[PDB]
Amino acid sequence: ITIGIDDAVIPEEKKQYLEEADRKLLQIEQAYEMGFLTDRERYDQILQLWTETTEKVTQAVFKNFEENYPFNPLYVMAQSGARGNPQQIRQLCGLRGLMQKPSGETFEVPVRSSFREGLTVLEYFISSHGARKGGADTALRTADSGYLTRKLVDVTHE
Amino acid sequence: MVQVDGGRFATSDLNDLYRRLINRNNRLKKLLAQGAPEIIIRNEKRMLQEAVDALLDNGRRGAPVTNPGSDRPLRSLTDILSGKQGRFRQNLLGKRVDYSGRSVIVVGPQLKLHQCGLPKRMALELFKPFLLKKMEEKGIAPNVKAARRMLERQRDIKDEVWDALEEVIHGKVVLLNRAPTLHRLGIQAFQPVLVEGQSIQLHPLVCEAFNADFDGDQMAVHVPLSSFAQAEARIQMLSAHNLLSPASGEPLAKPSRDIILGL
Amino acid sequence: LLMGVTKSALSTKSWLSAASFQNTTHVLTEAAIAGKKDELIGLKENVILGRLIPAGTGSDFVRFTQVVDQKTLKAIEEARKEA
Amino acid sequence: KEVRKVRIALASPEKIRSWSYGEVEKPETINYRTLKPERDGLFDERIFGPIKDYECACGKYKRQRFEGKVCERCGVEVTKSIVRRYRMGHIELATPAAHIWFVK
Amino acid sequence: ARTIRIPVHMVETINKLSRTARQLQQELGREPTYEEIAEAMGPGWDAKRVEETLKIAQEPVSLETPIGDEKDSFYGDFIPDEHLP
Amino acid sequence: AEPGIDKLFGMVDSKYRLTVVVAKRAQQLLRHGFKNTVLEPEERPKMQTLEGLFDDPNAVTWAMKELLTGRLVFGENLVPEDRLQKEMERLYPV
Amino acid sequence: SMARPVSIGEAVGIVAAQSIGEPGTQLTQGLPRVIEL
Amino acid sequence: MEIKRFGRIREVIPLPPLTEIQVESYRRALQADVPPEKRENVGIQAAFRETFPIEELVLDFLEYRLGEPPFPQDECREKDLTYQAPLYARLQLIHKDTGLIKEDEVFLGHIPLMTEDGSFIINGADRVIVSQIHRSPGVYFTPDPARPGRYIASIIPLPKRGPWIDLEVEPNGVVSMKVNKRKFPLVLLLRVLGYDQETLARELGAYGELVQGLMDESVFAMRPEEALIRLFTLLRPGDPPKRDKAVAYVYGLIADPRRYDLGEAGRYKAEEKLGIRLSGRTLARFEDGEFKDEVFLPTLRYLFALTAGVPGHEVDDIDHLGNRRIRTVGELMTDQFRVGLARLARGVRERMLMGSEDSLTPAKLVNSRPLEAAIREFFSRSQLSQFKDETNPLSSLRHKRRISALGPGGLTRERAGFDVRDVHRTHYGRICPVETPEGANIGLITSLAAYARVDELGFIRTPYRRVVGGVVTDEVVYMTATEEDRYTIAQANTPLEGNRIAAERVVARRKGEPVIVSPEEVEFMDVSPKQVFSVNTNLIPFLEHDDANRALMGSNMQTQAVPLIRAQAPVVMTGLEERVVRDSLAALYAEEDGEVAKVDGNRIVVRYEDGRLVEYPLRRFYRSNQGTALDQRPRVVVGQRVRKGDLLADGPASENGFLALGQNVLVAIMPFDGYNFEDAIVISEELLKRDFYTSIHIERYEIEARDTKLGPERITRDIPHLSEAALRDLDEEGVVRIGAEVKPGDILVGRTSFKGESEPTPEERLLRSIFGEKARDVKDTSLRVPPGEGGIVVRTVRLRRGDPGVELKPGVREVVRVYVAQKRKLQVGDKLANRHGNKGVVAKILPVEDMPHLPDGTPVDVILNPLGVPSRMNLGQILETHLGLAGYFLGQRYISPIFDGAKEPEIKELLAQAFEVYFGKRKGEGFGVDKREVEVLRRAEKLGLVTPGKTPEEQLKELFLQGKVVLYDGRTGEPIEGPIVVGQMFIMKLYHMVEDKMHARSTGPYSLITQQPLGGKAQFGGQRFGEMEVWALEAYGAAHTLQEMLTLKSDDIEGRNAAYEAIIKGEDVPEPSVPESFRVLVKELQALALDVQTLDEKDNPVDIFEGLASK
Amino acid sequence: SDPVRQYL
DNA sequence: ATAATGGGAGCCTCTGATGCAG
DNA sequence: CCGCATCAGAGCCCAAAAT
Ligand SMILES: Nc1nc2c(ncn2[C@@H]2O[C@H](COP(=O)(O)OP(=O)(O)OP(=O)(O)O)[C@@H](O)[C@H]2O)c(=O)[nH]1
Ligand SMILES: [Mg+2]
Ligand SMILES: [Mg+2]
Ligand SMILES: [Zn+2]
């Protein structure tokens, strides 16, 4: 068991799923500038489309592994529960997916790259907001939880 | 009021708070005997209250009393009793302890579930009183005082002392702790296996309950002293007797990582 | 009456428990007025005094248990079965 | 006997004095030259006990054959120095003062 | 003003040294030595005496003095008890 | 795992009572120099030194092993506490 | 932890409190809902 | 070896001088090299000009000067002195009454000087001043959270230079003003400025209900003077509203250009936002006897126009990096300088009201003590003045470029939440999004971006290239964040043919929002990918392939790399490792062209074209703050011809001028028998044999001998009751000889102290009489080696009193310092990491015969478990390994820039060329394919790795291009059942080493009041068994173990003493007694006048003081 | 509420 | 120990419980 | 009688702790 860069296998299905997503995205743009859908409605539709495309590419990653390469290292570690989960594996061989703005609302443009293909400085930066937000969430939680636990011990200790 | 190393004096804030109080009381006694007007006696009296107030709870009412040229409020009795740094949560519900040590942890695949790697240099200190007695029973030193004198210099330690220590720790356990201790398995009991080297060796199966990595984690060691403590540790606190989560009832010591991968 | 864990903790009969939790002065002033007695029922009280806590090997159920070997039980027993 | 209960209660001014071994009459702490405690000050040995075990301040009575004697010359009890952790003093206020806990 | 009480005249002498050094430092463009102060103070004063005077004038420091960022460390905590065996 | 730990938990109504019985038994043995033991010379726990085999010094090991034999009697209010002490120091001096 | 009847003397409240607190770290409502309750 | 660089991006400008944020800031403040008449009014000059003239008599400021430093830098570090210059000031005394003029130059003390690399020497220790981010002064408008249709206008000045103002509009309709947390109707203040009802109606009125809602008749019923008295009574109840007193308060609070300072940036931001021009930095003026408004009405005007929805009015985003500015060293120090100057002025006004209004000069009128203390206070106790990080050269360079939102004038660690910690869209190109602390400080402490520079106003600017039409110029524009938002900025990697944009659609940003745009719309373009990241982040090759959370650890850990004696630069670099050594100043370069005259271990002499024979001494084995050895080694030979700027000596952790934080090792990625578990690392004993990962460390020991009231401490070779074996390595005077090995317990410096009145107890007296040896006058206080420490004695410094140049603190006769060095081989428990955030502790060192090895006999160096990769998502290490394989056999190193790098096909080309050397050698040497290579090849085609039906050579090459090789287990000789990834990786030995961290205590020092063990290794502390540990013992029901922790192992004094005696006697430990910290608690409640009583079952008192506290 | 102000 | 001297300087966020207020 | 507001209380553990 090892990991080389070629062990992150871009599924052939990916290019197909990406072409499908762009024609869908174009159809939603025609309905905006023509006044068929609002700004709210257009953004809601874009995020939903990309959610489904992500799921699509994941199943493709795991199908390609199971059928044509069942002993692939990433696959083996993830499936056995030794390490890895679908979303991390999807980011290695798939697309990175939707990233979040500093606020909480999601960027419409996703990261099409995978860590095997490599990101663009702009994609890298877009992703950083969520990274930082996660770290701050976690930091303030360990403190809130710590306090909670102490309350609990004090109320039940007798 | 203590003389530190350098001959300098270090003193508790309470002394300055009392001194303020004593002065105002004394001046008040003098002003009364000398028959000052009520406005003056009134100012002295109100200053006296404020001085009492800072001594008991400083900052509670009004401006905090401070030492000159410092913003630090002086530490009053209320501050001593209460808070994270207060008497209760610092010295009363928890304490620093003797017979304890700490080092970096390292994985020990070869260990049985009930064992740990313990650096020999750590073990000699933790069991130091025991080692002295054993050094007298056999013969490495004439008496307890000479034996202690020999361990002080590291080059004065002969090789028979290491075998002597092995006899001491037979069948005994030590406690391993890794902070944070979130549930009762942050502490478990292990039979120590003496090792050369500066690292603590931890059994692979317990890393989850401890949330331990080898990215540089350190753990603390404790020595239960009495027969009662040792009995509690070996029966109740031993790693091998705690295999299931008290929370879910599910297995806690279970395959992970390489073990799953291999099977 | 339903109260959250913090308030509930502060309301326990034991004033050593409450004052070591939080609101230390408030707990202590109300306790001192009342002339309150802590019966040392729970864990925190005994921890503070350094006592043997009322759980595990310290529970009164197991605390007083005796051990004696048969080579001694019968020996002691024969001498006393007489006047 | 064994401790089964802990009571906490208000202290009368009489009782505060029932604890006290002396009135601290002076803001002085320790003498700048001798470094010994100032008489009637915050560290006075005549109030709170001897600095050295079973040894008085001026050194007329220096060992444990006398325990409980109070030296006539310097006024210090001959006992264990540990008592400086236990024995209380008091200050006699000219006008009464409220205890802030019971106000604020 | 001092935790360790000082005779009123002695405080005055010390203050003289303060002024003196402050003058000496203002003309010399640098801190004076014990000897430069001992000369400036006149007869009876050598460098040894200037030092002893300063030793006496040192005020104690709080055991509760903070060390570091986090307000969770006291100076007194690093001081062993040398009295009890 | 301690040898035969499952059977030991079997003998008691509360796991903590096992610890009490074991701990008290180990103290009895240490004070009296092991000569009150119910074990037989070949059942005695042994420890391998560089010299060779010696008696296991650890009384907690001894106490659990003795318990497994069945030769020990455990319970509450079996005998006045002081009287036991005199009878044991009479049978097995210090 | 022993998959068998609890022993008299087990300090059960503390175990209850540790069991509830330990997962707190990894809760993403989230932990605020737990505290609200 | 050859160095092959990839990447097509042509960077038009080099990285700016990296410490310039420090060096340039302080130079701007001091202006020491500027002639006084030519000084601009800024920094120190501006501080003086602000405090003077001092009115009564008038004392006026002429000019200042800075002298030369009394002692050089090396000398200051040696003697524990501050590196500083004497400051003098020319002052002229004037008499407003008389005409008298006396002028003199008064000495204000010393000011610390910054070294060449941007740091300070404060009392012998090197220090750094960290820049502070904060809110820029100005006028901001934010939406009011309570009322969804109303807004609050906040006027914020520079910190501590005035109050915060709030202009909320209350529900009643009148516009309210908030000052020092107190509110009143704003109309009243407007009347004081001399405004009339007409002006407010005519100026605004356009807003029907709002301008009329501000109007209150009662206020108008009074001239501007009467309204001023009315307001003052609102702000200061009980203070008599004297007309000169009211003016004084309002002037000092609002109009005084001494007590109220908007920034220079505040002025620009206010002028730019409200579209007005400010005559000064104050909100109003006192002119022709009354008050004249400047700011207030425009701020009110903007607020009302915004509430309506008038074009051109927006709310301000307060985290935008245009409204957030940096306070650098000069500014931080100058603020503290301004405080010290104002205190000195207090002394002046007070001295001008006492001792005779005539016989006074400026030298007697000025006491400089307040000024020296303020500056000394900042440089020694500020929480922006930090102990220098000089673990390796990158440590300090990074430290100087750090930005803190904490400190004196900023958030508390508790007082901070998400909006501030976020990565703002404007951080692009300015503040690194990666390099931040993990944990509580996340987002507060950051690092300056590589191409960023701080302008004069304190805003961070970042470079972009102009694009006109479709042609990209070479003109670079540094932009602030607000100015950047105006244009459409294309990405730096967008395709170019020549200077022309070669793509029909380009990737660009408009206000940070990514957008696809045609080349006709492109106004600017990014200079480089490097401009987005910090210096540490820019050192991570294949960064585009790493998940950010792990990339962070890569950055931060390079800071922690320990300098190795064999240190090498990585085989895969990014091209910045050259610049870092040069800007760090660790490395030595040639001033002009010349010829090398002499080369030594201690020095290098160069003969230049000028003819001058410049001699460069080399720093050899100097101990840094963190104890790593800073040492420079000669890189040139006698007679070598050098050009200008060529390398002379390598600094620490540098190899031929490239940053060397670690070593390049041959790594195999595979589990190994559980020694790899959970990030632990297995290493070959070959690493120690060849001294890879060995580093030098020096610890300094110090001891004072001082005068006591009992007699002098003496440092002597004569120490009571010690054998000559115990003193052999000590010199005549009692100091250990230079070049001796010292181990724990050994004497470093012998010292005696006079025995206290503890003058031996009668017990010791009788014993002493038996042996016929008088109890000695002195006791043995000798300085000894702490447990676990030791090494070779490399130096001794001895400083007595009465020796030239030295005076110690009062009472101290002499100080002896001993410097002890140690060579540290890598060992089990030391910590390693690479640049991608893979980090781990050494769990196993195998002898070379157990190591997995290549078919040709070469063993691997490090074995890393693959389980660390998939969840962590840091793949740069994988690509790094592959390119590292090619370079191992081709004998080359690479430069792969970030985001413009070596890509997969190109790595493959190189890997094929390598295979030829790994295999073609073999076929010529007369060996064919191995039996085991076939067995592995079988397993590999079952995996789909190789195509079935090819020769063994074709299949091995197919694997080699996937970066996998056949690997034999050294234990069995049998192959690993699969092909394994093998290559060269750059791995560093971090600063966390077991030798430093292992600690244990039986008994030891106790605390004074609590009688509990002390803390920390240096104090021989006990471990803290805290609140949560007690819970664990409680849940287990281990009552006696817990009680031991609570009594015998801590503060139960009778118990802890008795227990030790029992163990040394072989008896069992006694039942514990009352813990002493409980008795402390009881007495403390008595001191609060509370009666705490321990009672028995009969409710009778129990005495836990055993009669000692009752009379 | 301010002891100086009261006294003044 | 004796010209006369007359009123001060200074600066986060949550939840919970108690006192003035349309 | 009901809301508002003002005040006072809390806000993870251990190790380092370069004064
Ligand atoms: N309370 C507290 N605990 C910390 C802190 N920093 C680190 N820890 C400990 O560090 C551990 C981090 O473990 P991780 O490596 O992230 O464990 P993981 O979830 O398996 O993550 P991966 O190894 O990537 O899978 C936690 O389990 C904590 O116990 C801190 O600042 N505060
Ligand atoms: Mg870890
Ligand atoms: Mg982990
Ligand atoms: Zn006497």
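Structure: see above.
The present account deals with the structure reproduced in this document.

Calculation rules
Residues numbered from 1 in each chain as written, not as in the entry; some residues may be left out. Chains lettered and ligands numbered in written order. Part of a larger assembly, values for the part shown. Heavy atoms only, no water. Residues with missing side-chain atoms left out of burial classes, pairs and counts. Near = heavy atom within 4 Å. Polar contact = N/O pair within 3.5 Å; in protein donor to acceptor, adjacent residues only side chain to side chain. Areas by Shrake-Rupley, 256 points an atom, 1.4 Å probe, with all protein chains shown as cover. Nonpolar A, V, L, I, M, F, W, Y, C, P; charged D, E, K, R; others polar. Donors = N, O, S within 2.8 Å, 3.2 Å for Na, K, Ca; no water. Buried < 20%, exposed > 50% of the residue type's maximum accessible area, 1.4 Å probe, protein only. Contact = heavy atoms within 4.5 Å. Helix = DSSP H or I, 4+ residues; strand = E, 2+ residues; numbered from the N terminus. Pairing = 2+ DSSP bridges. Core = buried A, V, L, I, M, F, W, Y, C linked by side-chain atoms within 4.5 Å. Patch = residues over 30% accessible without salt bridge, like charges linked within 9 Å, V, L, I, M, F, W, Y side chains within 5 Å. Salt bridge = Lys/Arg side-chain N within 4 Å of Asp/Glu carboxyl O. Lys, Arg positive; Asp, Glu negative; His and termini not counted. Charge placed at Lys NZ, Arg CZ, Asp CG, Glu CD.

## With respect to the site of ligand 1
What surrounds ligand 1 is the set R83 of chain A, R178, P180, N211 and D213 of chain B together with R872 of chain H. Among the chains of the assembly, those with residues near ligand 1 are chains A, B and H. In this structure, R178 of chain B approaches ligand 1 through a side-chain N or O atom, which is 2.9 Å from an oxygen atom. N211 of chain B has a polar side-chain atom sitting 2.4 Å from an oxygen atom of ligand 1. Considering ligand 1 on its own, with 660 Å² of exposed area, one finds that the protein chains cover 44% of that surface. For the shell around ligand 1, the residue count by class is one nonpolar, one polar and four charged.

## Overview of the coordination of the magnesium ion (ligand 2)
Residue and element names in this part refer to chain B. Surrounding the magnesium ion (ligand 2) are the protein donor atoms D213 (OD), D215 (OD) and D217 (OD), at 2.4 Å. Between consecutive donor residues of the magnesium ion (ligand 2), the sequence gaps follow D-x1-D-x1-D. Metal-to-metal, the separation of the magnesium ion (ligand 2) and the magnesium ion (ligand 3) is 5.7 Å; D213 coordinates the two. The same class applies to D215 and to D217, which are both buried.

## A short note on the interface of chain H and chain D
With 33 residues of chain H at the interface, the matching set in chain D holds 33 residues. Going through the elements one at a time, α30 (1076–1087) and β59 (1090–1095) of chain H are the ones with two or more residues in the side of chain H that touches chain D. For the side of chain H that touches chain D, the per-class residue count stands at 14 nonpolar, eight polar and eleven charged. Relative to β59 of chain H, strand β1 (residues 5–10) of chain D runs antiparallel, the two being bridged by six bridges. Residue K5 of chain D lies in a different strand from β59 of chain H, and its bridge partner there is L1095 of chain H.

## Details of the nonpolar core
With 85 residues, the main nonpolar core has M237 of chain B, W15, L28 and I48 of chain C, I8 of chain D together with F1025 of chain H as its most contacted residues. For this core, the element with the most residues is helix α2 (residues 38–56) of chain B, which contributes seven residues. Membership of the second largest hydrophobic core comes to 75 residues, among which are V76 and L119 of chain A together with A668 and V966 of chain H.

## Some points on a negative patch on the surface
Residue and element names in this part refer to chain H. Together, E55, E56, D97, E357 and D358 make up a negatively charged patch on the protein surface. With respect to the helices, strands and loops of the structure, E357 is situated in the loop between α12 (329–351) and α13 (362–365). For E357, a relative accessible area of 42% corresponds to the partly exposed category.

Purely geometric numbers; function is a separate question.
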